[PDB]
Structures are given as structure tokens and as C-alpha cells.
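Asker: I have a structure I would like to understand better, so I am pasting it below and will then ask my questions one at a time.
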Amino acid sequence: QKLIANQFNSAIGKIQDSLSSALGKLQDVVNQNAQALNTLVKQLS
Amino acid sequence: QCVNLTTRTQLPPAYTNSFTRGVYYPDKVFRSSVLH
Amino acid sequence: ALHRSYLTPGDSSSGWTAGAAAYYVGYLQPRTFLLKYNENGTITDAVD
Amino acid sequence: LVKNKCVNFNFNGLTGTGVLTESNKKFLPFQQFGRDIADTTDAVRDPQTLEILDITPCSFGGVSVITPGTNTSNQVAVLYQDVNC
Amino acid sequence: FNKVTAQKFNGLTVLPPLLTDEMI
């Protein structure tokens, strides 16, 4: 039990380091929706 | 007024490169923190 | 501006000294540039 | 010049409609109006007094009606979908 | 929430999600 708890507690620390060092799947949805809107505005001129 | 001078020396042209020199504001428009 | 000093022939064609200066000349071409404007609205950088 | 209400405007030929307000922008002395990332005007320098003005739109989206269902009641509430009352 | 990172003139509008981030 003590070994398994230590391995688990250690593994969570790695997640925190990895995220503080990516979210491309979310970020590129936001980017695609901004591109469509800016393109709509450009079509006016 | 006018004269002709004795141009005692003239020579083939020397040269150098425009090292990113020669940009000017193309328009009277304020734009900020942006690429245009 | 000529240097017509007294250390010269004084005449119209040759009574002059050149001074000492240099200058550079380039020609504009039609080009696309990308310009970078900072927060103060100054062009800080560019790409040809 | 009148500020904080919706007007038509023309500064030196630059023409539009919007709410003019005082601005924190700092144009260089040769620049006369400002544009956003979408290349639409959002700021201007007053030709008379050389102070900076923001511009903001006058067109404010939906009106929506909230209903208990007419089987229940005929009174309703109304939402002005992006407005400061 | 930190790691992930105006056109009002043209009849374009953005509506708030029903749930806020504090609700999620």
C-alpha cells in the first residue's frame, strides 16, 4: 500500500510539471473560430 | 550665375547593401501591438 | 556647398575646394512588406 | 464635439457613426486615426484640439421574450441581449 | 485555464455559456 501510494503521489507531480512546460486540441478550435470571423469581416471590403 | 567647374577626379561607382534601412510610415494610420 | 577658400585660384571654374562628405543612393521597387507596430504605434521592425 | 452618446461624425473627411469618448491612445504627431486588427476605425484625433477619441458602435442585437407558457399565464419578461440599462 | 490563450460593428455577437466557469 505504501509503495502504491508513493507511485501515485509521484505521478501527479509529473502532470503538473508537464502542463507548466500541450493543449493544442483546445487552442486550435479557438483559432479556427477566430479565423472564420476575421474572414467574414474581410469579405465586407 | 552659371559656370562649368574642373571636375579633377571622377571614378567608377562604389557600392554597399541596404541593411534593412529605408522603411517609412506608408499611411497616416495609428496601429498598435500588431503585424500589418 | 563649395569651400571657395582663399587657398585657391579664386576663379569661376577652379577657385574652389571640395570639402569632405559622402552619400548613398538606392531605388524603390514595388514590394510586399510586413510591418510590426508596437504599443506606442511605432514601426519597430519589418520583413521584405 | 459631443461625447458619450451615439452620433454621426466626420473628422477631416473620415466619416462614420458611433459613440465618441475620450481615449487613452497616444498617436504619433503625423497619425490622424487608429484601426484595430480587423482594419476598422476605432480611434481618431480631433482636428481642432488634437486630443484622442475612441469610437464604439450603435447596434445591439437581440430582444428575447421569456414566457411561463400561455397555458399558465399571459405575463412575460423581456431581455435586451447586450445592453447596459 | 492560464495556458489556453471585439468585431461588434458588423452585427457579430458572442453569447455567454449557460453555465459559468465556476459552475463547471
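Within each chain, counting starts at residue 1; across the C-alpha cells, chains are named A, B, ... in the order shown, with ligands numbered 1 upward in that order.
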For chain B, list the residues within 6 Å of chain D, counting only C-alpha atoms, and write the list as JSON, numbers by chain.

Answerer: {"B": [28, 29, 30, 31]}

Asker: Just the residues within 10 Å of residue A:30, please, counting only C-alpha atoms, with nothing from its chain fewer than 5 positions along; format it as a PDB file with N, CA, C and O atoms, in the first residue's frame.

Answerer:
```pdb
ATOM      1  N   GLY A  24      -3.084  21.817 -27.544  1.00  0.00           N
ATOM      2  CA  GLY A  24      -3.280  22.157 -28.954  1.00  0.00           C
ATOM      3  C   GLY A  24      -4.688  21.870 -29.461  1.00  0.00           C
ATOM      4  O   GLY A  24      -5.266  22.685 -30.171  1.00  0.00           O
ATOM      5  N   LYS A  25      -5.298  20.772 -28.996  1.00  0.00           N
ATOM      6  CA  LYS A  25      -6.664  20.365 -29.367  1.00  0.00           C
ATOM      7  C   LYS A  25      -7.711  21.425 -29.033  1.00  0.00           C
ATOM      8  O   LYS A  25      -8.655  21.604 -29.782  1.00  0.00           O
ATOM      9  N   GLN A  35     -10.428  32.751 -37.026  1.00  0.00           N
ATOM     10  CA  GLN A  35     -10.144  32.846 -38.459  1.00  0.00           C
ATOM     11  C   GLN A  35     -11.407  32.996 -39.297  1.00  0.00           C
ATOM     12  O   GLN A  35     -11.475  33.864 -40.164  1.00  0.00           O
TER      13      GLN A  35
ATOM     14  N   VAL E   4      -4.298  28.145 -22.001  1.00  0.00           N
ATOM     15  CA  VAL E   4      -5.073  28.495 -23.208  1.00  0.00           C
ATOM     16  C   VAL E   4      -5.196  30.014 -23.345  1.00  0.00           C
ATOM     17  O   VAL E   4      -5.506  30.702 -22.376  1.00  0.00           O
ATOM     18  N   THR E   5      -4.929  30.554 -24.533  1.00  0.00           N
ATOM     19  CA  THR E   5      -4.960  31.996 -24.837  1.00  0.00           C
ATOM     20  C   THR E   5      -4.961  32.244 -26.344  1.00  0.00           C
ATOM     21  O   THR E   5      -5.966  32.114 -27.016  1.00  0.00           O
TER      22      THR E   5
END
```

Asker: Using only C-alpha atoms, which chain C residues lie at most 10 Å away from chain D, written as number ranges by chain?

Answerer: C: 39-42

Asker: Selection from above, N, CA, C and O atoms, as a PDB file, in the first residue's frame, can you write it?

Answerer:
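So again-v9.pdb came out as:
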```
ATOM      1  N   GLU C  39       3.222  48.984 -29.086  1.00  0.00           N
ATOM      2  CA  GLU C  39       2.136  49.614 -28.328  1.00  0.00           C
ATOM      3  C   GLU C  39       2.053  51.133 -28.526  1.00  0.00           C
ATOM      4  O   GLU C  39       0.961  51.691 -28.549  1.00  0.00           O
ATOM      5  N   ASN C  40       3.188  51.812 -28.708  1.00  0.00           N
ATOM      6  CA  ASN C  40       3.232  53.254 -28.945  1.00  0.00           C
ATOM      7  C   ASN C  40       2.893  53.618 -30.398  1.00  0.00           C
ATOM      8  O   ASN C  40       2.914  54.787 -30.760  1.00  0.00           O
ATOM      9  N   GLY C  41       2.585  52.634 -31.240  1.00  0.00           N
ATOM     10  CA  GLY C  41       2.207  52.819 -32.633  1.00  0.00           C
ATOM     11  C   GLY C  41       3.369  53.105 -33.571  1.00  0.00           C
ATOM     12  O   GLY C  41       3.154  53.586 -34.679  1.00  0.00           O
ATOM     13  N   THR C  42       4.599  52.809 -33.146  1.00  0.00           N
ATOM     14  CA  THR C  42       5.799  52.944 -33.982  1.00  0.00           C
ATOM     15  C   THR C  42       6.083  51.665 -34.755  1.00  0.00           C
ATOM     16  O   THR C  42       5.931  50.569 -34.217  1.00  0.00           O
TER      17      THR C  42
END
```

Asker: Where in chain C does DSSP assign strand (DSSP E), given as a list in words?

Answerer: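 Output for chain C, strand (DSSP E) only: residues 34, 35, 36, 37, 43, 44, 45, 46 and 47 of chain C.
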
Asker: Keeping only N, CA, C and O atoms, write the selected residues as a PDB file, in the first residue's frame.

Answerer:
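Result file is result_29.pdb:
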```
ATOM      1  N   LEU C  34       5.794  43.125 -44.558  1.00  0.00           N
ATOM      2  CA  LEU C  34       5.097  43.007 -43.285  1.00  0.00           C
ATOM      3  C   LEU C  34       5.745  43.970 -42.291  1.00  0.00           C
ATOM      4  O   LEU C  34       6.953  43.890 -42.102  1.00  0.00           O
ATOM      5  N   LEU C  35       4.984  44.866 -41.667  1.00  0.00           N
ATOM      6  CA  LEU C  35       5.460  45.860 -40.705  1.00  0.00           C
ATOM      7  C   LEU C  35       4.964  45.533 -39.305  1.00  0.00           C
ATOM      8  O   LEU C  35       3.804  45.175 -39.128  1.00  0.00           O
ATOM      9  N   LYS C  36       5.813  45.696 -38.296  1.00  0.00           N
ATOM     10  CA  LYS C  36       5.478  45.430 -36.895  1.00  0.00           C
ATOM     11  C   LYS C  36       5.308  46.716 -36.109  1.00  0.00           C
ATOM     12  O   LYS C  36       6.278  47.431 -35.868  1.00  0.00           O
ATOM     13  N   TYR C  37       4.102  46.977 -35.631  1.00  0.00           N
ATOM     14  CA  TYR C  37       3.767  48.164 -34.853  1.00  0.00           C
ATOM     15  C   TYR C  37       3.774  47.832 -33.368  1.00  0.00           C
ATOM     16  O   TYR C  37       3.081  46.905 -32.960  1.00  0.00           O
ATOM     17  N   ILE C  43       6.546  51.775 -35.998  1.00  0.00           N
ATOM     18  CA  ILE C  43       7.052  50.625 -36.743  1.00  0.00           C
ATOM     19  C   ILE C  43       8.432  50.276 -36.193  1.00  0.00           C
ATOM     20  O   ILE C  43       9.388  51.015 -36.388  1.00  0.00           O
ATOM     21  N   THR C  44       8.529  49.162 -35.488  1.00  0.00           N
ATOM     22  CA  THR C  44       9.775  48.714 -34.844  1.00  0.00           C
ATOM     23  C   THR C  44      10.601  47.782 -35.701  1.00  0.00           C
ATOM     24  O   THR C  44      11.790  47.620 -35.449  1.00  0.00           O
ATOM     25  N   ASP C  45       9.985  47.121 -36.668  1.00  0.00           N
ATOM     26  CA  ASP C  45      10.619  46.068 -37.441  1.00  0.00           C
ATOM     27  C   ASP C  45       9.826  45.799 -38.718  1.00  0.00           C
ATOM     28  O   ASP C  45       8.655  46.172 -38.824  1.00  0.00           O
ATOM     29  N   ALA C  46      10.445  45.124 -39.675  1.00  0.00           N
ATOM     30  CA  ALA C  46       9.816  44.783 -40.939  1.00  0.00           C
ATOM     31  C   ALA C  46      10.404  43.530 -41.595  1.00  0.00           C
ATOM     32  O   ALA C  46      11.557  43.179 -41.355  1.00  0.00           O
ATOM     33  N   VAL C  47       9.633  42.889 -42.473  1.00  0.00           N
ATOM     34  CA  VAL C  47      10.071  41.790 -43.348  1.00  0.00           C
ATOM     35  C   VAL C  47       9.832  42.144 -44.811  1.00  0.00           C
ATOM     36  O   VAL C  47       8.702  42.430 -45.198  1.00  0.00           O
TER      37      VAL C  47
END
```

Asker: Could you jot down the atom CA of residue B:15 to atom CA of residue C:18 separation for me, Å, one decimal place?

Answerer: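 Atom-to-atom, atom CA of residue B:15 to atom CA of residue C:18, that is 21.3 Å.
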
Asker: Up to 9 Å from chain E, what residues of chain D turn up? Count only C-alpha atoms and give them as a ChimeraX atom specification.

Answerer: /D:38,40,56-61,81-82

Asker: Store the residues picked out above in a file with N, CA, C and O atoms, as a PDB file, in the first residue's frame.

Answerer:
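Done, and the output landed in selection.pdb:
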```pdb
ATOM      1  N   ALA D  38      -8.842  44.050 -37.172  1.00  0.00           N
ATOM      2  CA  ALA D  38      -9.755  43.829 -38.293  1.00  0.00           C
ATOM      3  C   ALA D  38      -9.735  44.960 -39.340  1.00  0.00           C
ATOM      4  O   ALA D  38     -10.503  44.931 -40.299  1.00  0.00           O
ATOM      5  N   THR D  40     -10.665  48.146 -39.069  1.00  0.00           N
ATOM      6  CA  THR D  40     -11.752  49.130 -38.989  1.00  0.00           C
ATOM      7  C   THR D  40     -11.431  50.222 -37.977  1.00  0.00           C
ATOM      8  O   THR D  40     -10.689  50.002 -37.024  1.00  0.00           O
ATOM      9  N   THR D  56     -17.058  53.668 -30.849  1.00  0.00           N
ATOM     10  CA  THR D  56     -17.747  52.422 -30.479  1.00  0.00           C
ATOM     11  C   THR D  56     -19.101  52.342 -31.190  1.00  0.00           C
ATOM     12  O   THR D  56     -19.673  53.395 -31.460  1.00  0.00           O
ATOM     13  N   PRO D  57     -19.636  51.160 -31.537  1.00  0.00           N
ATOM     14  CA  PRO D  57     -20.813  51.052 -32.399  1.00  0.00           C
ATOM     15  C   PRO D  57     -22.142  51.493 -31.773  1.00  0.00           C
ATOM     16  O   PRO D  57     -22.253  51.682 -30.565  1.00  0.00           O
ATOM     17  N   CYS D  58     -23.179  51.558 -32.609  1.00  0.00           N
ATOM     18  CA  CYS D  58     -24.579  51.711 -32.217  1.00  0.00           C
ATOM     19  C   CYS D  58     -25.459  50.652 -32.918  1.00  0.00           C
ATOM     20  O   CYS D  58     -26.097  50.951 -33.926  1.00  0.00           O
ATOM     21  N   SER D  59     -25.456  49.391 -32.457  1.00  0.00           N
ATOM     22  CA  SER D  59     -26.273  48.263 -32.984  1.00  0.00           C
ATOM     23  C   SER D  59     -26.138  47.029 -32.085  1.00  0.00           C
ATOM     24  O   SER D  59     -25.068  46.427 -32.011  1.00  0.00           O
ATOM     25  N   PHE D  60     -27.201  46.670 -31.372  1.00  0.00           N
ATOM     26  CA  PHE D  60     -27.053  45.989 -30.089  1.00  0.00           C
ATOM     27  C   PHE D  60     -27.865  44.704 -29.938  1.00  0.00           C
ATOM     28  O   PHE D  60     -28.138  44.250 -28.829  1.00  0.00           O
ATOM     29  N   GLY D  61     -28.188  44.057 -31.048  1.00  0.00           N
ATOM     30  CA  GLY D  61     -28.598  42.660 -31.028  1.00  0.00           C
ATOM     31  C   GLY D  61     -29.958  42.404 -30.398  1.00  0.00           C
ATOM     32  O   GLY D  61     -30.837  43.257 -30.397  1.00  0.00           O
ATOM     33  N   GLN D  81     -30.492  41.922 -25.156  1.00  0.00           N
ATOM     34  CA  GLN D  81     -29.484  40.874 -25.071  1.00  0.00           C
ATOM     35  C   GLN D  81     -28.028  41.299 -24.913  1.00  0.00           C
ATOM     36  O   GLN D  81     -27.171  40.441 -24.733  1.00  0.00           O
ATOM     37  N   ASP D  82     -27.703  42.589 -24.969  1.00  0.00           N
ATOM     38  CA  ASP D  82     -26.327  43.046 -24.731  1.00  0.00           C
ATOM     39  C   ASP D  82     -26.222  44.494 -24.228  1.00  0.00           C
ATOM     40  O   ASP D  82     -25.238  45.186 -24.465  1.00  0.00           O
TER      41      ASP D  82
END
```

Asker: Can you tell me how far atom CA of residue D:79 sits from atom CA of residue D:20, in Å to one decimal?

Answerer: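 Atom-to-atom, atom CA of residue D:79 and atom CA of residue D:20 are spaced 26.1 Å apart.
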
Asker: What residues in chain A lie within 9 Å of chain E, counting only C-alpha atoms, written as a list in words?

Answerer: residues 19, 20, 22, 23, 24, 26, 27, 30, 37, 38 and 41 of chain A
